[PDB]
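Position 180 (the sequence shown) corresponds to 180 in the entry's author numbering; numbering is contiguous. Quick reminder that beta carbons are idealized off the backbone N, C-alpha and C, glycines included.
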Amino acid sequence: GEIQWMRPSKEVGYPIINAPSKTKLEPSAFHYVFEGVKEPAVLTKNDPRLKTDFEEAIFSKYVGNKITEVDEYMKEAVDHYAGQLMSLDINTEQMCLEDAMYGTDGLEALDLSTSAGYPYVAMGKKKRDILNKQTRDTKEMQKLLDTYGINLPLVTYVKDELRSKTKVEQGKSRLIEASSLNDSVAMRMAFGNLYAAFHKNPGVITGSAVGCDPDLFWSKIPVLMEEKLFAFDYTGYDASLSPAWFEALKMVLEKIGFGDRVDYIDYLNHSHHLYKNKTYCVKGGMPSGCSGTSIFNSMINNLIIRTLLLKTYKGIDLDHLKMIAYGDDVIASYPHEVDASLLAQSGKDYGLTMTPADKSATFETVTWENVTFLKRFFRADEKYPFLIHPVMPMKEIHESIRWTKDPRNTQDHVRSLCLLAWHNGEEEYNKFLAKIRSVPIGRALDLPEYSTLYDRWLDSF
Ligand SMILES: O=c1ccn([C@@H]2O[C@H](COP(=O)(O)OP(=O)(O)OP(=O)(O)O)[C@@H](O)[C@H]2O)c(=O)[nH]1
Ligand SMILES: [Mn+2]
Ligand SMILES: [Mn+2]
Ligand code: NA
């Protein structure tokens with residue numbers, strides 16, 4: 001991913017975009033009952049905390065495009081992966097504007113809370129002003145489509161979330177590249193059925209975990225994995241992606257019956273962006289707020305891992321590559337051990353910064369004891385070991401609970417944390433409930449007891 005140019009939006013007929021300069025995050029009722037070292041990410045260039053140019057820091061994620069074409073390995077990876085997906089019978093039909101808007105089996109309705117992007121975010125129009133769950137009115141959308149078309153600029157927003165102290169001082173705030181509602185609707189129409197197929201088939205055949213339910217899914221994973229596990233995390237995956245990777249992606253779409261709309265993928269690749277008063281163009285890089293981002297990111301990852309394997313271990317049997325990805329996050333396995341550090345090396349030649357899974361200092365052996373996927377661990381239940389607990393560290397949970405965006409969602413927010421936490425064991429969960437109930441707000445919430453959660457879990461399978 002690399003920025004080709006950037007200049008004043010007025011210089012090209014575009015309005016300056018307004019983005020709140022104030023975080024919605026504020027200390028919560030539990031701010032002092034729990035330990036935490038994260039603060040609301042920098043949202044503006046002014047933020048007193050800064051220690052380097054904001055503007056520069058945020059965009060540095062666009063490290064450049066390391067590769068130019070789709071080499072032999074990438075092509076073989078394309079063939080093999082496209083091969084597996086072929087065994088899914090993925091319906092190649094377009095998705096009717098209705099289902100694409102209010103959802104259907106295997107796909108949720110568009111999210112009404114998130115932006116609507118240009119031009120609507122500059123005309124003042126909002127999402128609830130275009131559709132409604134009970135009506136399922138295509139007409140209003142339809143008109144806007146005919147009126148403004150597709151391929152509309154991406155409105156870039158700085159993401160309002162918690163970040164480490166360093167990532168604050170280095171203005172390393174993450175960006176949300178929101179795509180116009182039109183575009184999103186189009187893409188959901190073109191790739192609607194693909195999305196469903198994936199959401200409904202998390203596993204090693206899609207090599208995707210998107211739309212999965214950790215409480216149930218963690219138990220199917222080990223069965224799917226091969227003997228030896230390997231993993232690593234990417235540094236700025238999305239932005240590092242070169243145009244070649246998008247092509248490989250189209251080659252895959254093409255082979256599975258979507259050669260039809262591979263055009264849409266071009267839009268994610270060669271991007272048109274609006275950030276404040278400035279406008280820029282990006283060659284490569286996956287936009288963060290786009291319909292399919294998650295899935296396409298995962299499909300590309302299936303291609304990447306296959307590529308570095310064919311390139312490094314000639315003769316390797318991909319049919320025994322068992323991997324599951326979720327965007328940049330991946331968990332893989334092979335009958336034989338492989339050198340992650342070595343694969344990481346080939347990664348650079350392909351423009352990817354891969355590192356020891358979980359900020360390790362070095363690439364060590366990956367085991368069921370130390371492997372994590374989605375920040376979660378795998379831990380067999382003491383009473384019925386054949387059931388696996390997805391275990392999120394408490395530190396993460398402690399961090400999230402010390403803050404709040406909307407006081408009216410404290411019930412839902414804490415409840416959620418509880419659904420993650422209890423897997424850390426009953427003793428641990430109770431200490432958590434205890435502290436929560438050590439202040440008025442907590443004591444007022446409706447939280448599930450350990451035994452309630454654990455039983456409900458046992459029956460869920
Ligand atoms: O809205 C956004 C923006 C960014 N991202 C994601 O954030 C990633 C980069 O933004 P991060 O701040 O998470 O950096 P990092 O995780 O790569 O840092 P390290 O672990 O390597 O030290 C990208 O690779 C993309 O997956 C989102 O998921 N959503
Ligand atoms: Mn990462
Ligand atoms: Mn990740
Ligand atoms: Na881009």
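Where do the N-terminal and C-terminal ends of the alpha helix (DSSP H) with residue i fall, by residue?
i: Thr312; result: 293-312
i: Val414; result: 410-421
i: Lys75; result: 72-86
i: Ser271; result: Where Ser271 is concerned, there is no enclosing alpha helix (DSSP H), although the beta strand (DSSP E) it sits in stretches over 270-275.
i: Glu11; result: That residue, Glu11, is in no alpha helix (DSSP H); it is neither H nor E in DSSP.
i: residue 464; result: What the structure shows of the chain is the stretch from 1 to 461, and residue 464 is not part of that stretch, so it cannot be assessed.
i: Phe34; result: Where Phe34 is concerned, there is no enclosing alpha helix (DSSP H), given that its DSSP letter is neither H nor E.
i: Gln134; result: No alpha helix (DSSP H) contains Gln134, which DSSP labels as neither H nor E.
i: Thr104; result: Here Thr104 belongs to no alpha helix (DSSP H), and DSSP marks it neither H nor E.
i: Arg443; result: 440-444
i: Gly347; result: 340-349
i: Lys167; result: 166-169
i: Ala29; result: Segment: none, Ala29 is in no alpha helix (DSSP H) and carries neither H nor E.
i: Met123; result: 120-123
i: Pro385; result: No alpha helix (DSSP H) holds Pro385; DSSP gives it neither H nor E.
i: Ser242; result: Premise fails: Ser242 is in no alpha helix (DSSP H) and is neither H nor E.
i: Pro448; result: From DSSP, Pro448 is part of no alpha helix (DSSP H); its letter is neither H nor E.
i: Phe461; result: Here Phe461 belongs to no alpha helix (DSSP H), and DSSP marks it neither H nor E.
In the DSSP assignment, the beta strand (DSSP E) including residue i goes from what residue to what residue?
i: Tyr334; result: 329-334
i: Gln4; result: 2-8
i: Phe232; result: 232-234
i: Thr355; result: 354-356
i: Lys278; result: 278-283
i: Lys322; result: 322-326
i: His199; result: First-last for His199: 192-200, but that is the alpha helix (DSSP H), not the beta strand (DSSP E).
i: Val391; result: 388-391
Taking only heavy atoms of ligand 3 into account, decide whether any of them is closer than 7 Å to the Cβ of residue i.
i: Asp233; result: yes
Measuring from the CB of residue i, is there a heavy atom of ligand 1 at a distance below 7 Å?
i: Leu175; result: yes
i: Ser416; result: no
i: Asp328; result: yes
i: residue 463; result: Not covered by the structure: residue 463. The range shown for the chain is 1 to 461.
i: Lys200; result: no
i: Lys172; result: yes
i: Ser184; result: no
i: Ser113; result: no
i: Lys159; result: yes
i: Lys61; result: yes
i: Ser288; result: yes
Could you have a look at residue i and say whether DSSP puts it in helix, strand or coil?
i: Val155; result: strand
i: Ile256; result: helix
i: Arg174; result: coil
i: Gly289; result: strand
i: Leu112; result: coil
i: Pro222; result: helix
i: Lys22; result: coil
i: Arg379; result: strand
i: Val42; result: coil
i: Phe373; result: strand
i: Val185; result: helix
i: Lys405; result: coil
i: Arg437; result: coil
i: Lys228; result: strand
i: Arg49; result: coil
i: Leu162; result: strand
i: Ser179; result: strand
i: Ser360; result: coil
i: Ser400; result: helix
For ligand 2, I want to know if residue i counts as a neighbour, meaning its beta carbon is within less than 7 Å of at least one of the ligand's heavy atoms.
i: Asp238; result: no
### Task
Count the C-beta pairs between the stretch 11-19 and the stretch 286-305 that are closer than 8 Å, then say yes if the count reaches three, no if not.
Taking a cut-off of 8 Å on C-beta distances, the stretch 11-19 does not touch the stretch 286-305, as fewer than three cross pairs fall below it.
### Task
Would you be able to state if there are at least three C-beta pairs under 8 Å between the stretch 130-139 and the stretch 94-103?
Between the stretch 94-103 and the stretch 130-139 there are three or more inter-stretch CB-CB distances shorter than 8 Å, so the stretches are counted as touching.
### Message
Closer than 5 Å between the C-beta and any heavy atom of ligand 4: which residues qualify, listed along the chain?
### Response
In chain order, the qualifying residues are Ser271, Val282, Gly285.
### Message
Using 8 Å as the cut-off, can you tell me whether the stretch 170-177 makes contact with the stretch 200-208, which would need three or more C-beta pairs spanning the two stretches below that distance?
### Response
The stretch 170-177 makes no contact with the stretch 200-208: fewer than 3 CB pairs, one atom from each, lie closer than 8 Å.
#### Entry: Touch test, the stretch 134-143 against the stretch 314-321, Cβ-Cβ under 8 Å, three pairs minimum
They do not touch, by the three-pair rule.
### Task
Specify whether the stretch 21-41 and the stretch 261-271 touch according to this definition: at least 3 beta carbon pairs, one from each stretch, less than 8 Å apart.
With a cut-off of 8 Å, the stretch 261-271 and the stretch 21-41 do not count as touching, because too few Cβ pairs lie within range.
### Message
For the structure I just gave you, are there three or more beta carbon pairs, one from the stretch 380-391 and one from the stretch 216-229, closer than 8 Å?
### Response
Cβ pair count under 8 Å is three or more, so yes.
### Query
Three or more C-beta pairs closer than 8 Å, one from the stretch 82-92 and one from the stretch 360-376: is that the case here?
With the rule of 3 Cβ pairs closer than 8 Å, the stretch 82-92 does not count as touching the stretch 360-376.
### Message
Count Cβ pairs between the stretch 113-125 and the stretch 145-164 that sit closer than 8 Å; are there 3 or more?
### Response
With contact defined as three or more Cβ pairs closer than 8 Å, the stretch 113-125 and the stretch 145-164 are in contact.
### Query
So, do the stretch 50-57 and the stretch 190-198 have three or more beta carbon pairs nearer to each other than 8 Å?
The stretch 50-57 makes no contact with the stretch 190-198, as fewer than three CB pairs between them are under 8 Å.
### Query
Can you find at least 3 beta carbon pairs, one from the stretch 275-283 and one from the stretch 293-303, that sit closer than 8 Å?
Contact check between the stretch 275-283 and the stretch 293-303: fewer than three CB pairs, one atom from each, fall below 8 Å, which does not count as touching.
### Query
Does the stretch 435-448 come within contact of the stretch 412-427, defined as at least 3 CB pairs closer than 8 Å?
Touching, per the Cβ criterion.
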